[PDB]
């Protein structure tokens, strides 16, 4: 029996958010096979809309007609074959539009139609929309019945209308009876997107009245409020393609990574979506500096639609608005000495405020200036916020110089203020089981180069002996077929080079990746993606250790079709961007995003760029905010010179001093997948519900939300309260996070060196747990009394240090260990 239900009849269903709901009704034809399978993998049950009484300007069909009956029976079979778990049966009372003479005939034809559909397809759950005239003769057939109770939509007048008490009285006996037969009742209510607080109240009311509510819009094209409410965890970033493609837009390059860090999926848009963003987007960033698009009327309409639904909008850098009425709605108008500024928003973050846009505030009730400059006696306002969002216009956004930029606004404070962002458990990929994450991946370039060392071995052997073998970090290694293979550019060296590659790929700390055939410096694509995959799999490694990833060469900006080709070939991908921060130039403007979404799929940028700059980037992305894990990225050419070799050894040493949790790049990318896809929802019992996390298992909990409540959580193992964040550790993707205002004194995981695969409280003092990785397990527990772990008939007493109980077990995996304190 369902605990929550959502309806989405539009294209581009937001899959992770909808998967928060037990049942999801879709419009088949606006959804594809991949959509259905994703919902199911997340635990949701997908239903398909099917109109029974009418054909779609509708045609009331003859329910006794053999052509129509068999059409619907056929459609049911197809939809089942396509993966739907049920049907949402609509227009079940449309027969009453006929003459009273034909009413009983058609009713009886409908009872038999539905009985026969049920008989033929017993595996399909049948979710009726009303049907009160036929349900009494279909006992046990309906899994649920919907009713469109308090807030309705009147299609004839195109308006939202309170439901008459007369209408409820008519419904009341029918619903009473259904409740007595144990049939779930789904109340489908309609409120405009801006009246979201009312929707929350109505949903709570309908639950107490015994319904499963879903409060939405008449087009069913919004993420509505149900018995749970999805937390808007996306931010949109709109750019002007005339000014450049996404990958060079300054908002993507300088802000995308900060929005990811703050806790959000970032969707990038150059036709803008013509549906409500309310309930799905926490805000919209606009970063356009050449004015409105040529289709300016539609653009202005779109902006006004967000204002009207109260989705906040932040205009950064430029103000692409040629519409005084729009500006008037925001209390602004088009029209140097410093008259005023809000130092919480600018001037105290990186760059100081230095004097160097014809825009002012007309209504301080609507817009609060953060910066007021006076020139020629007029007051200009280039930075401001209000309930509608904000503006932060050049040259008071970023200080710019050739090769260097610094923030003038505090970007975090501005976005938080403009969008009124609430505190979140933010998905976080920098830290796992309380430890900073470490990856090491190697581009194959220079494998064939000879090291400037005695013996002049190949760079491939040098990296194997100097770096891979001596250090205990899992490493993801690529080669270029154009270097090492018979069909490449060194066909007579392949006989000496392939054996080295085979030895590397056979090391137990190594996983295999491809670095293409010809190492394109600037992106035959099937030859580069598929052919070198096949070359490596066949000649350099075994069936049990295949290529796991493609590492892009060169500028690492393939097109959408190439990315899709890589996915179609079983190869997740990594590289690109230019995340680099140095003590010389430590501005956070140097942080790229992790994620580059395309129509061909997601490209993951290199978390930290390749080849002192790197040791600095590690430190500046660790503190005061931990923006990145320890991500060592280099080329085989780095093993050709004593000085590069010396530098490498110093990087490895700093990484190991931090005692990270080591991951292969292919496993790390499943964490980044969660970064991109995660959804958060707030249940009525107050717990946070998670979907779409994939391999991600850390939430950075905003201290305003308190501490994990380990009595009421599911899949939450502990917390580590560090300067950079309150890291909550998850033992599964479908976790439920209960919160309390004080730290839970029951035994909690503090840190561990291996991935965590289970953690369940048997009691306030006993935990069953499981870990699996590549090193002997080390972990520590925060608890009062002494702690002991029993595994496979053996007991280990915890060693105490400063409130923690530390454990070192001589095993790389633990299945259902027992912790008692």
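Positions refer to the first chain, counted from 1.
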{"property": "Between neighbours residue 271 and residue 270, residues that the deposited sequence lists but the model omits", "result": "1 to 3"}
{"property": "Sequence continuity check, residue 335 and residue 336 (deposited residues unmodelled)", "result": "4 to 9"}
{"property": "Residue range whose averaged C-alpha B-factor is higher in the record, 588-596 or 68-76", "result": "68-76"}
{"property": "Stretch with the higher entry mean CA B-factor, where the candidates are 492-500 and 247-255", "result": "492-500"}
{"property": "Per the PDB entry, maximal CA B factor within 51, 757, 42, 765", "result": "765"}
{"property": "Residue of maximum C-alpha B factor among 279, 422, 558, 105, per deposited coordinates", "result": "105"}
{"property": "Third of the chain, ranked by Cα B-factor, where residue 3 sits", "result": "middle"}
{"property": "Residue 25 CA temperature factor, ranked by third within the chain", "result": "lowest"}
{"property": "Chain-wide C-alpha B factor ranking for residue 777, given as lowest, middle or highest third", "result": "middle"}
{"property": "For residue 804, the third of its chain into which the C-alpha B factor falls", "result": "highest"}
{"property": "Third of the chain's Cα B-factor distribution that residue 610 belongs to, per the entry", "result": "highest"}
